[PDB]
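File shown: upload-v8.txt (compact mmCIF, C-alpha atoms (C1' of nucleotides)).
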```txt
# COMPACT_ATOMS: atom_id res chain seq x y z
CA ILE A 171 106.90 -64.63 -30.11
CA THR A 172 107.69 -62.57 -27.02
CA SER A 173 105.86 -60.58 -24.32
CA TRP A 174 106.05 -57.29 -26.24
CA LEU A 175 103.89 -58.85 -28.95
CA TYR A 176 101.53 -60.77 -26.65
CA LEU A 177 101.08 -59.23 -23.21
CA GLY A 178 101.77 -61.78 -20.50
CA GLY A 179 103.69 -64.14 -22.78
CA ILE A 180 107.01 -64.03 -20.92
CA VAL A 181 109.28 -67.07 -20.83
CA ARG A 182 108.90 -68.40 -17.29
CA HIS A 183 112.20 -70.32 -17.37
CA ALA A 184 114.96 -68.20 -18.91
CA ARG A 185 117.37 -71.15 -19.07
CA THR A 186 114.94 -72.76 -21.55
CA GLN A 187 114.52 -69.63 -23.67
CA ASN A 188 115.05 -71.32 -27.05
CA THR A 189 112.47 -74.09 -26.58
CA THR A 190 109.75 -72.83 -24.20
CA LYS A 191 108.71 -69.82 -26.28
CA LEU A 192 105.16 -69.10 -27.41
CA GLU A 193 104.59 -69.89 -31.08
CA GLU A 194 101.96 -68.60 -33.50
CA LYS A 195 101.06 -68.50 -37.17
CA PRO A 196 102.22 -65.45 -39.18
CA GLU A 197 98.76 -63.88 -39.52
CA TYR A 198 98.10 -64.10 -35.79
CA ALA A 199 101.59 -62.64 -35.34
CA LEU A 200 100.49 -59.68 -37.47
CA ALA A 201 97.41 -59.34 -35.27
CA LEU A 202 99.69 -59.33 -32.22
CA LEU A 203 101.65 -56.61 -34.00
CA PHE A 204 98.56 -54.46 -34.46
CA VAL A 205 96.90 -55.03 -31.07
CA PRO A 206 98.19 -51.77 -29.47
CA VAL A 207 96.02 -49.48 -31.61
CA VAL A 208 92.68 -50.76 -30.29
CA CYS A 209 93.45 -50.87 -26.57
CA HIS A 210 93.30 -47.62 -24.62
CA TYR A 211 95.46 -46.72 -21.63
CA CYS A 212 94.45 -45.23 -18.28
CA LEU A 213 96.29 -44.08 -15.17
CA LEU A 214 95.36 -45.47 -11.76
CA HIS A 215 95.50 -43.44 -8.55
CA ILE A 216 95.70 -45.17 -5.17
CA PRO A 217 93.11 -43.56 -2.85
CA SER A 218 95.28 -44.30 0.20
CA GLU A 219 98.27 -42.60 -1.44
CA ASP A 220 98.10 -38.82 -1.54
CA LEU A 221 98.32 -37.85 -5.20
CA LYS A 222 100.49 -34.87 -4.23
CA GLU A 223 103.05 -37.19 -2.63
CA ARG A 224 102.79 -39.83 -5.39
CA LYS A 225 102.48 -39.14 -9.10
CA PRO A 226 100.49 -41.86 -10.90
CA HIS A 227 102.50 -44.61 -12.57
CA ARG A 228 100.21 -47.66 -12.64
CA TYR A 229 98.90 -48.29 -16.16
CA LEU A 230 95.54 -49.92 -16.86
CA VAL A 231 95.13 -51.45 -20.33
CA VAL A 232 91.52 -51.82 -21.47
CA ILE A 233 91.15 -54.54 -24.11
CA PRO A 234 87.60 -54.92 -25.47
CA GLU A 235 85.93 -58.12 -26.60
CA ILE A 236 85.30 -57.91 -30.34
CA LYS A 237 81.83 -58.53 -31.77
CA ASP A 238 82.18 -56.58 -35.04
CA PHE A 239 84.98 -54.67 -36.74
CA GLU A 240 82.90 -51.59 -37.54
CA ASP A 241 81.34 -51.41 -34.07
CA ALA A 242 84.76 -51.57 -32.42
CA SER A 243 86.20 -48.98 -34.82
CA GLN A 244 83.34 -46.56 -34.18
CA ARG A 245 83.61 -47.14 -30.43
CA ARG A 246 87.36 -46.47 -30.38
CA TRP A 247 86.99 -43.34 -32.52
CA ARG A 248 84.24 -42.10 -30.19
CA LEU A 249 86.36 -42.76 -27.10
CA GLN A 250 89.10 -40.71 -28.76
CA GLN A 251 87.03 -37.60 -27.94
CA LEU A 252 87.41 -37.85 -24.17
CA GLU A 253 89.70 -35.62 -22.11
CA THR A 254 92.87 -36.96 -20.50
CA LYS A 255 91.59 -35.95 -17.05
CA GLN A 256 88.79 -38.50 -17.52
CA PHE A 257 91.33 -41.26 -18.18
CA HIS A 258 92.79 -40.83 -14.69
CA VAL A 259 90.63 -43.21 -12.64
CA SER A 260 90.63 -44.73 -9.16
CA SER A 261 89.56 -48.28 -10.04
CA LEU A 262 89.84 -50.83 -12.83
CA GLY A 263 86.06 -50.93 -13.17
CA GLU A 264 86.04 -47.15 -13.55
CA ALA A 265 88.38 -47.39 -16.55
CA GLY A 266 86.33 -50.22 -18.03
CA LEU A 267 83.11 -48.22 -17.69
CA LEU A 268 84.83 -45.17 -19.19
CA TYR A 269 85.77 -47.29 -22.20
CA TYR A 270 82.03 -47.96 -22.65
CA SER A 271 80.78 -44.56 -21.44
CA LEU A 272 80.44 -43.09 -24.95
CA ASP A 273 78.61 -46.11 -26.40
CA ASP A 274 75.17 -45.34 -27.79
CA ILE A 275 72.21 -46.76 -25.87
CA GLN A 276 69.40 -48.33 -27.91
CA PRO A 277 66.25 -49.46 -26.06
CA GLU A 278 65.17 -51.97 -28.71
CA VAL A 279 68.63 -53.58 -28.84
CA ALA A 280 69.79 -55.59 -25.83
CA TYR A 281 73.09 -53.89 -25.08
CA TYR A 282 75.90 -56.07 -23.75
CA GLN A 283 79.63 -55.33 -23.96
CA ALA A 284 82.63 -57.09 -22.43
CA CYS A 285 86.21 -55.90 -22.00
CA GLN A 286 89.38 -56.86 -20.14
CA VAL A 287 91.37 -54.53 -17.90
CA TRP A 288 95.08 -55.34 -17.56
CA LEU A 289 96.88 -53.66 -14.66
CA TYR A 290 100.60 -52.93 -15.07
CA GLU A 291 102.51 -51.75 -12.01
CA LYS A 292 106.10 -51.63 -10.82
CA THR A 293 106.64 -54.32 -8.19
CA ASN A 294 108.90 -52.08 -6.08
CA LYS A 295 110.16 -48.50 -6.05
CA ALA A 296 113.26 -49.33 -8.11
CA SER A 297 111.52 -51.68 -10.57
CA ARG A 298 112.97 -51.21 -14.05
CA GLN A 299 109.81 -52.26 -15.89
CA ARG A 300 106.14 -52.80 -15.13
CA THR A 301 104.67 -56.21 -14.34
CA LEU A 302 101.15 -57.50 -14.94
CA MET A 303 99.53 -57.36 -11.48
CA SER A 304 95.82 -57.80 -12.22
CA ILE A 305 93.44 -58.86 -14.99
CA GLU A 306 89.71 -58.40 -14.43
CA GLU A 307 86.72 -59.02 -16.71
CA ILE A 308 83.94 -56.41 -16.99
CA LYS A 309 80.56 -57.31 -18.49
CA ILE A 310 78.35 -54.23 -18.85
CA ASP A 311 74.62 -54.51 -19.54
CA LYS A 312 72.05 -51.76 -20.12
CA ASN A 313 71.12 -51.25 -16.46
CA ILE A 314 74.72 -51.00 -15.24
CA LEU A 315 75.65 -48.47 -17.92
CA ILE A 316 72.62 -46.22 -17.38
CA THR A 317 73.24 -46.33 -13.63
CA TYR A 318 76.86 -45.35 -14.27
CA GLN A 319 75.74 -42.42 -16.43
CA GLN A 320 73.34 -41.38 -13.67
CA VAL A 321 76.20 -41.50 -11.15
CA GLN A 322 78.41 -39.48 -13.50
CA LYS A 323 75.67 -36.87 -13.87
CA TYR A 324 74.83 -36.48 -10.17
CA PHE A 325 78.30 -36.95 -8.70
CA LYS A 326 81.02 -34.37 -9.28
CA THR A 327 83.83 -34.83 -11.79
CA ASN A 328 87.56 -34.85 -11.10
CA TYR A 329 89.21 -31.68 -9.85
CA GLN A 330 92.02 -30.89 -12.23
CA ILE A 331 94.40 -29.49 -9.64
CA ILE A 332 97.23 -27.75 -11.49
CA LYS A 333 100.51 -26.90 -9.81
CA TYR A 334 104.14 -26.41 -10.78
CA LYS A 335 104.03 -28.71 -13.78
CA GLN A 336 101.65 -30.70 -11.60
CA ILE A 337 98.23 -31.30 -13.13
CA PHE A 338 96.85 -33.49 -10.35
CA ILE A 339 93.41 -35.02 -10.79
CA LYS A 340 90.96 -35.41 -7.91
CA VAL A 341 88.85 -38.52 -8.47
CA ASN A 342 85.61 -38.97 -6.54
CA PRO A 343 85.98 -42.24 -4.62
CA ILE A 344 82.22 -42.64 -4.30
CA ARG A 345 81.73 -42.88 -8.05
CA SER A 346 84.23 -45.71 -8.14
CA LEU A 347 82.67 -47.38 -5.11
CA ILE A 348 79.28 -47.34 -6.77
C1' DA B 1 32.94 -104.42 74.45
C1' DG B 2 31.11 -103.00 70.07
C1' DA B 3 27.99 -100.07 67.25
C1' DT B 4 25.27 -95.87 66.96
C1' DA B 5 22.81 -91.49 67.39
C1' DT B 6 23.42 -87.22 69.44
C1' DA B 7 25.12 -82.55 71.20
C1' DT B 8 27.82 -78.88 71.03
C1' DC B 9 23.28 -71.46 72.89
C1' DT B 10 24.85 -65.86 70.70
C1' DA B 11 25.10 -62.42 67.58
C1' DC B 12 25.14 -58.42 64.91
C1' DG B 13 26.40 -54.15 62.65
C1' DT B 14 31.51 -54.15 60.93
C1' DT B 15 30.81 -46.84 58.21
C1' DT B 16 27.91 -44.12 55.95
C1' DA B 17 30.32 -38.69 52.22
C1' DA B 18 33.51 -35.75 49.66
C1' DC B 19 38.12 -34.92 47.75
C1' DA B 20 43.18 -38.32 45.79
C1' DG B 21 46.66 -30.95 44.21
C1' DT B 22 45.75 -26.66 42.77
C1' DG B 23 51.19 -23.02 39.42
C1' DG B 24 55.52 -22.05 37.27
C1' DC B 25 60.06 -23.71 35.31
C1' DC B 26 62.32 -29.13 32.66
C1' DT B 27 69.31 -25.41 32.00
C1' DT B 28 71.35 -21.17 31.28
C1' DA B 29 78.04 -20.43 28.36
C1' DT B 30 81.70 -22.89 25.81
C1' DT B 31 84.91 -25.86 23.88
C1' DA B 32 83.04 -30.26 18.97
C1' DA B 33 91.32 -31.54 19.38
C1' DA B 34 95.42 -30.02 19.71
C1' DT B 35 101.08 -33.35 15.69
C1' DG B 36 103.76 -36.18 13.11
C1' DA B 37 104.22 -40.12 10.49
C1' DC B 38 100.29 -42.53 4.79
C1' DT B 39 106.72 -48.78 3.58
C1' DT B 40 110.43 -50.40 4.50
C1' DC B 41 114.28 -54.51 0.27
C1' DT B 42 114.29 -58.09 -3.47
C1' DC B 43 112.54 -61.21 -6.44
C1' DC B 44 113.25 -57.96 -14.23
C1' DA B 45 112.71 -60.02 -19.41
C1' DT B 46 115.17 -60.80 -23.44
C1' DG B 47 118.57 -60.97 -26.56
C1' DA B 48 123.53 -60.40 -27.82
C1' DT B 49 127.70 -62.30 -26.62
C1' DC B 50 131.41 -65.26 -24.34
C1' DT B 51 133.01 -69.62 -23.86
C1' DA B 52 133.61 -74.76 -23.27
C1' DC B 53 133.09 -79.21 -25.59
```
Go ahead and express the file in the form of structure tokens.
Amino acid sequence: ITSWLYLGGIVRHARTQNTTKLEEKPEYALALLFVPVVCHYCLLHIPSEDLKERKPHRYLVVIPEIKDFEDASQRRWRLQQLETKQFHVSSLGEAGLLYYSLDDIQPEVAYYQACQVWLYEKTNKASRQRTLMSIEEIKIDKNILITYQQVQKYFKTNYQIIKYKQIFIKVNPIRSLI
DNA sequence: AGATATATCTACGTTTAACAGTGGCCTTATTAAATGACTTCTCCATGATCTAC
């Protein structure tokens, strides 16, 4: 297999391309074919960089831990409802929490969800393709999620600045900090 | 020479009382930065193809 099928599975040593290549059974290869549907994609904005002077290009890939097929399907279909301006975030944890923002909260059921955030970013200005720059695990319990909803409620949302074909999005740093 | 009991005068009174600031103010103006910069390069992954043994 190759990196397009399994993210991060590049051949380290190109001169040994034929031998040192990741190998998998056909069914797992089909799963690696169908991975892209589940994972959502978010855009990351550097707070230090003025968004006017730098359009977002970093891509965060949120890959959720699977506990049940139906639960994951319902979660993904629920997250389909959100607006694109929400997807523009200022931190990896913000995107992870957004992936679990629309999950139902049950007080009898001990809620616990885990997901992976994969950061893809051009190494330099003239980079031809993005490179995996960060992977971070997020484990969200009940208290963290309700606190995040409380922060979302009290703290203001993103300002959808719109200019000449320039729909900038103003993310509140505090929300991310919290 | 050693051991021992004695004698040495003032002194006294040494402040009593009542108070221990009364008044008014305890900053008035104005300015709460002015500019410009918010990385700079390269280091790509993978497969088709060329070529030497």
Would you kindly report the residues of chain B within 8 Å of chain A, using all atoms listed in the file, as an mmCIF file with C-alpha atoms (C1' of nucleotides), in the coordinates of the input?
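Below is the file selection-v6.cif, written as the result:
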```cif
data_model
loop_
_atom_site.group_PDB
_atom_site.id
_atom_site.type_symbol
_atom_site.label_atom_id
_atom_site.label_comp_id
_atom_site.auth_asym_id
_atom_site.auth_seq_id
_atom_site.Cartn_x
_atom_site.Cartn_y
_atom_site.Cartn_z
ATOM 1 C "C1'" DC B 38 100.290 -42.530 4.790
ATOM 2 C "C1'" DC B 44 113.250 -57.960 -14.230
ATOM 3 C "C1'" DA B 45 112.710 -60.020 -19.410
#
```
What is the distance, in Å and to one decimal place, between atom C1' of residue B:46 and atom CA of residue A:193? 15.9 Å
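Rounded to one decimal, atom CA of residue A:247 and atom CA of residue A:344 lie 28.6 Å from each other.
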Which residues come within 10 Å of residue A:248, counting all atoms listed in the file, excluding same-chain residues fewer than 3 positions away, as a PDB file with C-alpha atoms, keeping the file's coordinate frame?
```
ATOM      1  CA  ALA A 242      84.760 -51.570 -32.420  1.00  0.00           C
ATOM      2  CA  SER A 243      86.200 -48.980 -34.820  1.00  0.00           C
ATOM      3  CA  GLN A 244      83.340 -46.560 -34.180  1.00  0.00           C
ATOM      4  CA  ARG A 245      83.610 -47.140 -30.430  1.00  0.00           C
ATOM      5  CA  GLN A 251      87.030 -37.600 -27.940  1.00  0.00           C
ATOM      6  CA  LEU A 252      87.410 -37.850 -24.170  1.00  0.00           C
ATOM      7  CA  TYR A 269      85.770 -47.290 -22.200  1.00  0.00           C
ATOM      8  CA  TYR A 270      82.030 -47.960 -22.650  1.00  0.00           C
ATOM      9  CA  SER A 271      80.780 -44.560 -21.440  1.00  0.00           C
ATOM     10  CA  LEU A 272      80.440 -43.090 -24.950  1.00  0.00           C
ATOM     11  CA  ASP A 273      78.610 -46.110 -26.400  1.00  0.00           C
ATOM     12  CA  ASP A 274      75.170 -45.340 -27.790  1.00  0.00           C
TER      13      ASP A 274
END
```
Just the residues within 8 Å of residue A:291, please, counting all atoms listed in the file, with nothing from its chain fewer than 4 positions along; format it as number ranges by chain. A: 227-229, 300-303
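Rounded to one decimal, atom CA of residue A:313 and atom CA of residue A:256 lie 21.8 Å from each other.
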Could you name the residues that touch stretch 317-327 of chain A at 10 Å or less, counting all atoms listed in the file, but leaving out those on the same chain fewer than 3 positions away, as a ChimeraX atom specification? /A:255-256,264,267-268,271-272,312-314,330,339-342,344-346,348
Residue neighbourhood residue A:211, 10 Å, only C-alpha atoms (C1' of nucleotides), exclusion window fewer than 3 positions, as a PyMOL selection string: chain A and resi 206+208+214+229-233+257-258+265+269+287-289
Could stretch 248-265 of chain A be completed with N, CA and C atoms and written as a PDB file, keeping the file's coordinate frame, please?
```
ATOM      1  N   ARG A 248      85.015 -42.894 -31.139  1.00  0.00           N
ATOM      2  CA  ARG A 248      84.240 -42.100 -30.190  1.00  0.00           C
ATOM      3  C   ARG A 248      85.012 -41.854 -28.906  1.00  0.00           C
ATOM      4  N   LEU A 249      85.594 -42.909 -28.332  1.00  0.00           N
ATOM      5  CA  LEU A 249      86.360 -42.760 -27.100  1.00  0.00           C
ATOM      6  C   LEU A 249      87.580 -41.870 -27.281  1.00  0.00           C
ATOM      7  N   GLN A 250      88.039 -41.678 -28.520  1.00  0.00           N
ATOM      8  CA  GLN A 250      89.100 -40.710 -28.760  1.00  0.00           C
ATOM      9  C   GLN A 250      88.734 -39.300 -28.312  1.00  0.00           C
ATOM     10  N   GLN A 251      87.441 -38.960 -28.273  1.00  0.00           N
ATOM     11  CA  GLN A 251      87.030 -37.600 -27.940  1.00  0.00           C
ATOM     12  C   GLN A 251      87.295 -37.217 -26.490  1.00  0.00           C
ATOM     13  N   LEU A 252      87.401 -38.184 -25.583  1.00  0.00           N
ATOM     14  CA  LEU A 252      87.410 -37.850 -24.170  1.00  0.00           C
ATOM     15  C   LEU A 252      88.701 -37.136 -23.766  1.00  0.00           C
ATOM     16  N   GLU A 253      88.600 -36.385 -22.671  1.00  0.00           N
ATOM     17  CA  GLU A 253      89.700 -35.620 -22.110  1.00  0.00           C
ATOM     18  C   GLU A 253      90.610 -36.526 -21.278  1.00  0.00           C
ATOM     19  N   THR A 254      91.899 -36.172 -21.246  1.00  0.00           N
ATOM     20  CA  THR A 254      92.870 -36.960 -20.500  1.00  0.00           C
ATOM     21  C   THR A 254      92.512 -37.038 -19.020  1.00  0.00           C
ATOM     22  N   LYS A 255      91.956 -35.957 -18.464  1.00  0.00           N
ATOM     23  CA  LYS A 255      91.590 -35.950 -17.050  1.00  0.00           C
ATOM     24  C   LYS A 255      90.523 -36.995 -16.735  1.00  0.00           C
ATOM     25  N   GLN A 256      89.724 -37.395 -17.726  1.00  0.00           N
ATOM     26  CA  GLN A 256      88.790 -38.500 -17.520  1.00  0.00           C
ATOM     27  C   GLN A 256      89.541 -39.819 -17.384  1.00  0.00           C
ATOM     28  N   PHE A 257      90.625 -39.984 -18.146  1.00  0.00           N
ATOM     29  CA  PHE A 257      91.330 -41.260 -18.180  1.00  0.00           C
ATOM     30  C   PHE A 257      91.947 -41.601 -16.831  1.00  0.00           C
ATOM     31  N   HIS A 258      92.289 -40.593 -16.036  1.00  0.00           N
ATOM     32  CA  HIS A 258      92.790 -40.830 -14.690  1.00  0.00           C
ATOM     33  C   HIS A 258      91.645 -41.314 -13.807  1.00  0.00           C
ATOM     34  N   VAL A 259      91.700 -42.582 -13.398  1.00  0.00           N
ATOM     35  CA  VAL A 259      90.630 -43.210 -12.640  1.00  0.00           C
ATOM     36  C   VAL A 259      91.188 -43.787 -11.351  1.00  0.00           C
ATOM     37  N   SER A 260      90.275 -44.174 -10.461  1.00  0.00           N
ATOM     38  CA  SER A 260      90.630 -44.730  -9.160  1.00  0.00           C
ATOM     39  C   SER A 260      90.347 -46.216  -9.042  1.00  0.00           C
ATOM     40  N   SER A 261      89.842 -46.856 -10.093  1.00  0.00           N
ATOM     41  CA  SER A 261      89.560 -48.280 -10.040  1.00  0.00           C
ATOM     42  C   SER A 261      89.567 -48.849 -11.449  1.00  0.00           C
ATOM     43  N   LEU A 262      89.839 -50.152 -11.534  1.00  0.00           N
ATOM     44  CA  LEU A 262      89.840 -50.830 -12.830  1.00  0.00           C
ATOM     45  C   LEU A 262      88.458 -50.789 -13.464  1.00  0.00           C
ATOM     46  N   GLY A 263      87.417 -51.021 -12.662  1.00  0.00           N
ATOM     47  CA  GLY A 263      86.060 -50.930 -13.170  1.00  0.00           C
ATOM     48  C   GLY A 263      85.715 -49.554 -13.689  1.00  0.00           C
ATOM     49  N   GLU A 264      86.262 -48.510 -13.063  1.00  0.00           N
ATOM     50  CA  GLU A 264      86.040 -47.150 -13.550  1.00  0.00           C
ATOM     51  C   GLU A 264      86.586 -46.984 -14.964  1.00  0.00           C
ATOM     52  N   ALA A 265      87.803 -47.478 -15.208  1.00  0.00           N
ATOM     53  CA  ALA A 265      88.380 -47.390 -16.550  1.00  0.00           C
ATOM     54  C   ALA A 265      87.580 -48.215 -17.545  1.00  0.00           C
TER      55      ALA A 265
END
```
